[PDB]
Amino acid sequence: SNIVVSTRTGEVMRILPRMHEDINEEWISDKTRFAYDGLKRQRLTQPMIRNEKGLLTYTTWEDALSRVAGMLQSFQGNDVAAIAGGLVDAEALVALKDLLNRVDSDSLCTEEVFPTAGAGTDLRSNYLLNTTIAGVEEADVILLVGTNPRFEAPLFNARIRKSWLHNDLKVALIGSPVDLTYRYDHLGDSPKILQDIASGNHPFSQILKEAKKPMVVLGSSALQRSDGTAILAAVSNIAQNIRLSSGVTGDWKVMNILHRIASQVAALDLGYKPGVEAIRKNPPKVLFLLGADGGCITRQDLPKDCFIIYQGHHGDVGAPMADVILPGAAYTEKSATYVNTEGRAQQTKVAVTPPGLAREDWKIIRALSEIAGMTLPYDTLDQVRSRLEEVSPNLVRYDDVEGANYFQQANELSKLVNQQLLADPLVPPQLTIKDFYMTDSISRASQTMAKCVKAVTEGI
Amino acid sequence: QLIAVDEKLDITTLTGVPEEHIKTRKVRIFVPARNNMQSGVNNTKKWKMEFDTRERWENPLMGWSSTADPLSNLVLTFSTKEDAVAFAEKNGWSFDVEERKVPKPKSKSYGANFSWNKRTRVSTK
Amino acid sequence: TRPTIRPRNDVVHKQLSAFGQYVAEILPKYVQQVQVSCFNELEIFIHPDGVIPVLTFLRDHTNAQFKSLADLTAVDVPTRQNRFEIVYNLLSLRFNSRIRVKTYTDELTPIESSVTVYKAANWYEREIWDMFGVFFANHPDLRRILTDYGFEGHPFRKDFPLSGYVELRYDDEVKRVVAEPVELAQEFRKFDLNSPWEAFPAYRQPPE
Amino acid sequence: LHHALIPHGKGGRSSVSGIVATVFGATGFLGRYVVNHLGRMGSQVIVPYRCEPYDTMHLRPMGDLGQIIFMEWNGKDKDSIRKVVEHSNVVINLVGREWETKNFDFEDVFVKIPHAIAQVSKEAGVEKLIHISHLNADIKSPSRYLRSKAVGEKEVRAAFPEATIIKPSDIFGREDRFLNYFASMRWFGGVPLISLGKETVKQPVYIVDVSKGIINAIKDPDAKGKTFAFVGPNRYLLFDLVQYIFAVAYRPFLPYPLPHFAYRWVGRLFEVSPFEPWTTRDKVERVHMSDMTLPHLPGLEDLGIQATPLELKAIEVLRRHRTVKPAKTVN
Amino acid sequence: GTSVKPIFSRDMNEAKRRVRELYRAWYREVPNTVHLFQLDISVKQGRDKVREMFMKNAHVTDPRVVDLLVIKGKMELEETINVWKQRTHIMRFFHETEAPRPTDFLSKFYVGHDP
Amino acid sequence: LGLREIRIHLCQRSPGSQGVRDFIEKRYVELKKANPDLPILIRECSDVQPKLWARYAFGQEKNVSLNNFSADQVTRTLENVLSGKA
Amino acid sequence: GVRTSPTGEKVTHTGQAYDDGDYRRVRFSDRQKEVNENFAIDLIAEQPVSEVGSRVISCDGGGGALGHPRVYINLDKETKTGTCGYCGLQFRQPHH
Ligand SMILES: NC(=O)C1=CN([C@@H]2O[C@H](COP(=O)(O)OP(=O)(O)OC[C@H]3O[C@@H](n4cnc5c(N)ncnc54)[C@H](OP(=O)(O)O)[C@@H]3O)[C@@H](O)[C@H]2O)C=CC1
Ligand SMILES: [Zn+2]
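Residues numbered from 1 in each chain as written, not as in the entry; some residues may be left out. Chains lettered and ligands numbered in written order. Part of a larger assembly, values for the part shown. Heavy atoms only, no water.

Looking at the method and resolution fields of the entry, one finds cryo-EM and 2.4 Å.

(A) Structural view of the overall build of chain A. Within chain A, the regular secondary structure consists of 16 helices and 16 strands. On C-alpha atoms alone, chain A measures out to a radius of gyration of 22 Å, which is about the 23 Å that the 2.2 N^0.38 rule sets for 460 residues. Overall, the C-alpha framework of chain A stretches about 65 × 55 × 40 Å when taken along its three principal axes. Out of the 460 residues in chain A, the part that is buried amounts to 59%. Long-range contacts, defined here as pairs at least 24 residues apart, represent 69% of the contacts in chain A between residues at least 6 apart. Summing over all exposed atoms, chain A offers an accessible surface of approximately 17,300 Å²; the carbon and sulfur share of this is 51%. For chain A, the distance from the average position of its 48 positive side-chain charges to the average position of its 55 negative side-chain charges is 3 Å. (Helix = DSSP H or I, 4+ residues; strand = E, 2+ residues; numbered from the N terminus. Rg over C-alpha atoms; globule rule 2.2 N^0.38 Å. Buried < 20%, exposed > 50% of the residue type's maximum accessible area, 1.4 Å probe, protein only. Contact = heavy atoms within 4.5 Å. Areas by Shrake-Rupley, 256 points an atom, 1.4 Å probe, with all protein chains shown as cover. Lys, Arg positive; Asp, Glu negative; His and termini not counted. Charge placed at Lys NZ, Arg CZ, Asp CG, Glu CD.)

(B) Expanded view of the side chain of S443 of chain A. Residue and element names in this part refer to chain A. Mapping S443 onto the fold places it in helix α15 (residues 441-444). Under the relative-accessibility criterion, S443 is labelled buried at 0%. Ignoring sequence-local partners within four residues, the contact set of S443 consists of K31, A35, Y437, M438 and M449.

(C) Representation of the site of ligand 1 within the structure. All names here are of chain D. Among the 24 residues in the neighbourhood of ligand 1, the closest are listed as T27, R50, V95, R97 and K149. Between an oxygen atom of ligand 1 and a main-chain N or O atom of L94, the distance comes to 3.4 Å. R177 places a polar side-chain atom, nitrogen or oxygen, 3.2 Å from an oxygen atom of ligand 1. Contact with the protein chains covers 90% of the free accessible surface of ligand 1, which is 900 Å². Of all the elements in the fold, those that place two or more residues in the shell around ligand 1 are α1 (29-40), α4 (106-124) and α5 (144-159). (Near = heavy atom within 4 Å. Polar contact = N/O pair within 3.5 Å; in protein donor to acceptor, adjacent residues only side chain to side chain.)

(D) Seen up close, the interface of chain A and chain F. Taken together, the contact pairs 33 residues of chain A with 27 residues of chain F. Summed over both partners, the interface of chain A with chain F comes to about 2,300 Å²; 49% of that surface belongs to carbon and sulfur atoms. Here chain A and chain F share six salt bridges between them. Note that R4 of chain F and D104 of chain A form a salt bridge whose closest N and O atoms lie 3.1 Å from each other. At the boundary of chain A with chain F, the tally comes to 19 residue pairs in polar contact. Counting only elements with at least two residues in the side of chain A that touches chain F, the list comes to α3 (90-102), α10 (264-269), α13 (381-391) and α14 (407-413) of chain A. In terms of residues, the side of chain A that touches chain F owes the most to one element, α13 of chain A, which gives four residues. A breakdown of the residues in the side of chain A that touches chain F according to their chemical character gives 12 nonpolar, nine polar and 12 charged. (Buried area = accessible area lost by both parts, 1.4 Å probe. Salt bridge = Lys/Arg side-chain N within 4 Å of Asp/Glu carboxyl O. Nonpolar A, V, L, I, M, F, W, Y, C, P; charged D, E, K, R; others polar.)

(E) Up close: the state of the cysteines. All names here are of chain F. For the structure shown, the criterion picks out one disulfide over all chains. Between the sulfur atoms of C11 and its disulfide mate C45 the distance is 2.0 Å. With a gap of 34 residues between them, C11 in strand β1 (residues 3-11) and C45 in strand β2 (residues 40-45) connect regions that are remote in the sequence. Since its relative accessible area comes to 2%, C11 is described here as buried. (Disulfide = S-S within 2.5 Å.)

(F) A nonpolar patch on the surface, seen in detail. Residue and element names in this part refer to chain B. A surface patch of nonpolar side chains, amounting to about 310 Å² of accessible area, comprises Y110, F114 and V122. By secondary structure assignment, the location of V122 is in the segment after β6 (94-97). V122 gets classed as partly exposed once you look at its relative accessible area, which sits at 34%. (Patch = residues over 30% accessible without salt bridge, like charges linked within 9 Å, V, L, I, M, F, W, Y side chains within 5 Å.)

Following this line, the structure appears as structure tokens:
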């Protein structure tokens, strides 16, 4: 969602919505509006290393960068790995990818899991919201699978509500009956219903068949479970049946995937491996935590004396387990590229500079590459964005949301594996409003969100 | 009486701007977004050129906000996008252009509030 | 109109309109436009080539004889292809009247100096050259008049920063006054004062 | 690094460098240059003074608003030293005197005061201490000045084991006592040099070089327990050095050899005066003594400074002494 | 098309002739300026400064810009010869009180956020 | 010497990418059936010649233009890159 | 209502005091720190609550035109008291 950051005398004062008809219209979510309080708390301001007692102590940039570069030169290939968090920009992602490639390491992972079988991240449309947010206004039936749009993508849910109110949109949900602020049809909780829809016994298959502009939306939260591949295959089967029966109405792009974190689409565009299973299969000896605060990988899953580097802006679950801490910039303190769930690339602007000794993330990675002798070609932001264009040229088109549809190839490639579904009801992580306020490191450091959580849990 | 010389205009050597405030700066050319606190649209008529934000720090005495870049307060107004682009190119500034956002026209209907069968029917007024 | 409103003067308005039409008729080679404001001020917009003729006419014609040059200055409008507009204010004591003559130029096109018509222009053009960088051809001696010696740039340009690029102090190591890049202990506070909800409907522009 | 001491800005007058320096002896010759270099990059300077505020007035414009704080002190009192160094992370010692007063001998100035400063700074938690001695300091020197300096180095190192010792060699500059002392001999006509000034070799160093060296020693992280020797690029016999000085000043040169004993007697006569002496027994011995050579000691080049030769700054120093053929060097 | 009114020179050749004339005048003036203002620089480095200032504008290919620069340089020479400038104005070309700014990436990364 | 990944940058509506487009529509799947662990990232250019990037060990990359190639031409280029022969 | 910081400095009504490691304290040595001893929050907390038998009351701060803009305060909520937004005076209806 487009926003205006209002600052004064070098301090962020408030966040206001910025009008964009296609994405957020005129509104922002409560978290978007009020979580900027966390930007002033628990911040990383200086490089830190471990002393003889094993405690974290301040040091200069040269010391920490040389300490990281020594281990980067000592190990190579499979022994080096990196994990990207949910608030990472494309510039830092591509810089980290290049740095690890110069070591001959391909284990660049994200905390969010997307199934790699079949096409995987090979075809972009396999992991995008192809209908787009605005396209919800042209739909007539929408089927939601294993997601809570109200809390995962509140403005997407607002668009669905607007279509429901003005276009008489029909909404059906497979999962736990969460409150969506509009009435819908609850098909059930078992994932097997998807197959029952794909087979054709469920009457909702007929409802989808008669539709002129049907929509199927699968959330990434449902992909976070072990049946992500099978659930994606079943949803692809439903969409394929819809196309084969109802025919090609044109460029409608029935299949859709709703993402929850800001960095996921850019990372998948840049070739990052979704999920962290590569790290579990081959544990590394030096691990880069680029804003990774999900707790997916701990020291227990790692070998003894694993060298962990944390680069970020907040002191949270990822920092205290690190050997070297590199203070980075938050999204309000850099000009950085983010790709939304639609596949649309957008860029932020600098509102304030990073506090203390914190620096721009891709600048940190480029300096580390120079200290380690594997110097990266780019020196300025324009050159890093040229590199991004070299890797994924859609990352420099700053408002484009159009793209090619490759549903057919991805659909046949999803019929190779035959993973089975478990009898586990689809339960989203956000069941109620109290689960919505605290999701990332910025929101966890906010007192406004803590007050909101206290108010919703007990009300006066 | 006329030279008829063919070359793009460049006045950087005549403006007196220091070298590192020409090539390192990145201007933004845009129509400013409407302040969402108000409904008036009179502030979204012209194009603006503004420079990139630089470091701001705290004065050790009085805790005031101190800066070191001379272009922190420079904003220019232009009638069209083309005029601003021409100004930036002739002044040697790298620029980013953002296309103007216009609120699309909408279908309003007071009677739709009292709908017989559609969901547009309101519960209170 | 009640006591709080400035009274109008139709007689002077008619006289100024008639004299503007007269001037435009006599010199159609240079006069591009003639306007009279609602507070009875006459301006004549001319081509840059006609600075010497038109002024001479307005100084020497028996019916005009604007013998006094009140002021000569420039205005910087960056959105225009011709950036600078040159404004001459002339006073006629014989007919107790004032006139304004406007022309235009850009950063590189020189404007003919008018010191041969009015001696008073000598310093005025110098000031323009100092503040806007407009060159005047055939000026007796064109140089800076207001800025410090060796000052770089032209401060009255819109893109010139308010505090400039350099500041001065005394250094004891070199025992002299030195110039260094500007650094403010408190940055000038930029205020966004313009409100939405336009004030004057009579000046509304077409929405194109 | 104590967030308030995190550097900010572009290294200018209103920037923050993260340096809080207490500069003892800042009202002297090298003190003004050290304070100016500290203040032009945005550091806070505490200037302890024992003289009249009027004599410290010239240091006021060297910093931004509030960046220079003046404090009364005296070397006989440890509490004034404590209150002056409580909040600093850098302490620089520049206290010195080329003659002995009725209240302070060389022992007080170069041994007791530096030892007290180092001890109080170590107790106060000061991170860095920078002490100035002489290049020709040794415990067996004929002059008490140099002997005291050698003793001072030993006590400063003992009290502050991580102190940086800097050993300049006859600093020259606009307010120096080297070029001005040699050029101030015009009043007495022919210059007097022991053995015609042909037996002693000098290696003078520019004042700005020494000040920048102190600044870079503050900046350098690994220059904690090191000892540096700040010397110029060229070595000169004293005779030809004085000849060059007089040639630059356009003054007539009439050097006459003088007996060492005779020279000492002349020095003693100057000492009795209440006012500062042009020359002293210790001064004539110090200028007659040759400059040491310490190749093992890290130099000014080790701090990223190319030493400026005397030929470039001699005109600047000696133009006021007026009303081309640089000297030959030995290396 | 692209027809514009001249200032002094019709093509680049006349512009370079004017540039060479101004350069000769500055080169001649340098020693007298050094002596008159009692500068501690040498004549050689003063002429090097003149050369550097001329070379700063070596990329201009527009005759109007060239002779406007020539006009400004002639104004500067007029200020210098008539002793309207003081010693500080002349010495401002050398930036002796400014600490040097490193150009490499690592140093800029260390000192701050400014590219 | 080991190939790490392949990237195909093609334009959506341009004639010069047309053959490349056909390639995908006909045989990308088959290629993916033969190389189940090789990432072939398909991305979109705009107003730009089609390109094929190949990344080898230690970050070495080579790019070859695919402008106006037919489907067989890009198939031959991909086979040459994949087999390792120039 | 001036308090004392553990270091020894007086805490101002805004609550500011340099921490122990703060070098800026050096500015107060041989000098003093300007602190206002009259804390407005305590002083206004000492004013008694006015008892008025009206649902709405007007406040101008006293002194007529020498006060603040006149504002009207509602006293329907019995749990709390009405407070002037300019002056801080408190008003209440006579419960029981
Ligand atoms: N040629 C040179 O200058 C060389 C100098 N050095 C060393 O460098 C240091 C600085 O030299 P320079 O600047 O010439 O010295 P100056 O004589 O110019 O000044 C020394 C400073 O110390 C202060 N001071 C002197 N005696 C006392 C005392 N008893 N109590 C308190 N303060 C005192 C003085 O303050 P006040 O003015 O109030 O008396 C003065 O500001 C000296 O310590 C010297 O030994 C080393 C080698 C060569
Ligand atoms: Zn009141």
